[PDB]
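Here the structure comes first, spelled out in structure tokens, and everything after it is commentary.
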Amino acid sequence: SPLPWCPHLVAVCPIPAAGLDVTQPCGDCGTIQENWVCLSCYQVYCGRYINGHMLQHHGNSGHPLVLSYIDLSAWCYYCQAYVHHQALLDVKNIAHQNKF
Ligand SMILES: Cn1c(=O)c(CCC(=O)O)nc2ccccc21
Ligand SMILES: [Zn+2]
Ligand SMILES: [Zn+2]
Ligand SMILES: [Zn+2]
């Protein structure tokens, strides 16, 4: 199971009214693969197995929690774990509707 809570959920920000585009490419390298969206600032960057731009974004912003456009899991870089909570249901659901 993911963690049912983490102390960084307070940094999850409201979903843009434009919604989410789960096919949006990495904002740095343009890859279509393994992208995540930041749940603070809603920038999209690639995963560790591509070019690691979301990890870079975490390092230079401190933003904690990111949502996968592959499986709609949410990862906290500080807690080094997946997290699921009601504060994440709306954003997951918007991504699920856009994806599927
Ligand atoms: C298991 N795991 C993850 O799922 C993620 C997702 C986010 C990313 O790819 O940037 N990052 C990790 C970063 C270090 C260690 C483990 C990690
Ligand atoms: Zn990238
Ligand atoms: Zn961010
Ligand atoms: Zn956390």
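Per-structure values
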read-out: Residue-averaged [θ]222 nm for the chain, counting only DSSP H segments that reach four residues, each worth -39500 (n - 2.57); value: -6000 deg cm²/dmol
read-out: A17 paired with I32, simple spin-label distance in nm, labels 7 Å along Cα-to-beta-carbon; value: 3.1
read-out: Quarter of the Cα convex hull surface for the chain, i.e. its orientation-mean projected area (nm²); value: 5.9
read-out: Per-selection metrics, the range 1-45 (Cα): Rg and Dmax in Å; value: 12.4, 33
read-out: Magnitude of the charge dipole, the chain, Cβ model with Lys/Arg +1 and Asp/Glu -1, debye to 20; value: 100
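So basically every Cβ, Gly included, is an ideal-geometry build from the backbone, and we count neighbours across all protein chains shown. Every number here is computed from the coordinates shown, using simple stated rules; none is lab data.
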